[PDB]
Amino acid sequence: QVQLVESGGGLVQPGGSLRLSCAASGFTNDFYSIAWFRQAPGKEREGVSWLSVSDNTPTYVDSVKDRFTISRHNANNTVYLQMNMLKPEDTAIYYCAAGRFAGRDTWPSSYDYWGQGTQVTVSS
């Protein structure tokens, strides 16, 4: 029923940009929330950006605060993560998750719905 479809990753040079997209289908209403988790090689999943859809409220970690921008296009029911000024630190498998609530959480176990993530690698 609920399914998150993911795309937008690839390889870029340090300083370039990249646009991730998360397509959420199977939601009855706008009362859900989207989060972006990235998993560096060997590290645990860590959230970098959140969007509560019902109230249109974004949230970022300090480490990507002025470089990432999260938004949703109401038409295609898709949440976009615009990643500018990418650094080699940002190399990870980026996932998008979803939960039936309005808000944000740092714990992956608080998100019931996931999508096999896209790879983002930044080097030269």
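Residue numbers here begin at 1 and follow the sequence given.
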Fill in: Which of 46-54 and 82-90 has higher mean CA B factor, as the PDB entry lists it
82-90
Practice prompt. Select lowest, middle or highest to describe the third in which the CA B-factor of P41 falls within its chain in this entry.
Written response: highest
Fill in: Third of the chain, ranked by Cα B-factor, where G115 sits
middle
Discussion item. Quick check on the deposited entry: does the C-alpha B-factor of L20 sit in the lowest, middle or highest third of its chain?
Written reply: middle
